[PDB]
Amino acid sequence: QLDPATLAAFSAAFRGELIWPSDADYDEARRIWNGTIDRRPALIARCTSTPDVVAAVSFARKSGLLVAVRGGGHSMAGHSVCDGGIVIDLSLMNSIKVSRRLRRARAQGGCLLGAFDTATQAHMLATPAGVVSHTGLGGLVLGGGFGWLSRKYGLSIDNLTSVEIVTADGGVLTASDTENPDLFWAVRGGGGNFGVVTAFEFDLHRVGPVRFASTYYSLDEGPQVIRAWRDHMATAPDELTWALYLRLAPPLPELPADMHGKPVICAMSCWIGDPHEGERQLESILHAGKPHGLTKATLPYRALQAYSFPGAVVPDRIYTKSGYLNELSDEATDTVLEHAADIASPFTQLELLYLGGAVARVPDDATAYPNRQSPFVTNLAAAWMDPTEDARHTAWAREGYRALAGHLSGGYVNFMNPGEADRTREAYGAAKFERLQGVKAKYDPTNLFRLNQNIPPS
């Protein structure tokens, strides 16, 4: 229960919608993508402008409310909703200005990935983002952000030119390489720790149709497939991106009915470049084993962005255990294959991704993002429906992570699960963490923004 004059003051400054536990659209506004997170915020504040976030940030500050900030609500830690505090919901701020002469896009802090790519591709432009269209932009970009364009153009933070950000004291700041450049260093990898970002500006690149391929390998050929992949990507051009999603086979018509719901290697690849070059390049790598249900297409980039994932089903409940690898040993290959063979839910994926390329040529200390030079990412992403099966699906992800343990180092802040608050120092490393603390003490000394992979101040 809140001081009547202070809410009266907040709401006086707010143009958006307030949702209270007793209102209609409360239960749905407070659900987030990770259905295992069931929290009841004291107030959801769906902001509609930079001034509204200013109002919300200050209200929460002297009311003492715990502050959750919501972009697209895809936090695998469930950070975008709180019990008993305030949700600063940016989901209605999803505008995107795109300048065709500038190759520039100014996007609001609540954009969904697909809204951004729709607007940029109106001029055949694009910049790197994640692969699932309904991910929010805010949480992905603030943690680094990678997808199909990353090997050629870098992380999302590698194409960020500025932010407009609301700091914990209510102020509005511009952060670029020429304005508040400590802050601009922290936001490019340091999550929500330093204020609410209400507008990202990106440099955009011209991306026409990309030649794309998706196929399925039996586990029989599991070794030959993954060893071919790790060897090829060691020397592959930036233009080739190639990923492995180990999963139960989706019951799609392009695959024989006999493999349906059997573990497979789903391999997806594309070529950011001339599709004829992609046609030869992709087929050079498509046949490490016998490809089942081969799909080959020249897609607009926006269609590439909307393709993931085969079967297009939205899981209710989630658990992710992820890490980086400097090299994928044949013993690490045998253990990913033995754990894949025991996947139970039809929505679970053991993803093996190769980064590197443009991401690894950016100097390490340029941004807050860690482990640029570790080129493998592995994500044991459990995803199911039935709440009574929670234990066994998280047990699957826990035990795949443990059996890989020492091969793994660091960690992507945006793949952390709710029980991994203590991974923050080891994900960044002592050096980056300790500089991030220096920025935290300066811009958020009270730690008003602590629902995130949080860096305490000092």
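Between two forms, the rigid core is the largest collection of C-alphas that superpose within 1.5 Å. The numbering used is simple: start at 1 and walk along the sequence shown.
Asks: Superpose by the rigid core and compare 311 to 319 with 144 to 152; which one moves more, by C-alpha RMS, in 5 other deposited structures of this protein?
Replies: Most displaced of the pair in 5 other deposited structures of this protein: 311 to 319.
Asks: If you line up the core and then measure how far each C-alpha sits from this form in 5 other deposited structures of this protein, which stretch comes out higher, 410 to 418 or 22 to 30?
Replies: Per-stretch check in 5 other deposited structures of this protein: the more divergent one is 22 to 30.
Asks: Looking only at CA atoms, which has the higher mean B factor in the entry: 431 to 439 or 12 to 20?
Replies: Result: 12 to 20.
Asks: Looking at the deposited entry, does 28 to 36 or 402 to 410 carry the larger mean Cα B-factor?
Replies: Higher mean C-alpha B-factor: 402 to 410.
Asks: Can you pull the Cα B-factors for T335, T198, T320, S91 from the entry and say which is highest?
Replies: Of the candidates given, the C-alpha B-factor peaks at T335.
Asks: Take the CA temperature factors straight from the PDB entry and tell me which of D169, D203, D117, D158 peaks.
Replies: The listed residue with the largest C-alpha B-factor is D169.
Asks: Going by the entry, which third of its chain does the Cα temperature factor of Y369 land in?
Replies: It falls in the bottom third of the chain.
Asks: When the modelled residues of the chain are sorted by Cα temperature factor, does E254 land in the lowest, middle or highest third?
Replies: Tercile = highest for this residue's CA B-factor.
Asks: Going by what the PDB entry lists, where does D177 fall on CA B-factor within its chain: lowest, middle or highest third?
Replies: Tercile = middle for this residue's CA B-factor.
Asks: Taking the chain's C-alpha temperature factors as the reference, tell me which third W148 falls into: lowest, middle or highest.
Replies: Lowest third of the chain for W148's C-alpha B-factor.
Asks: State the tercile, meaning the lowest, middle or highest third, of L244 with respect to the CA B-factors recorded for its chain.
Replies: Within its chain, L244 is a middle-third residue by C-alpha B-factor, going by the deposited values.
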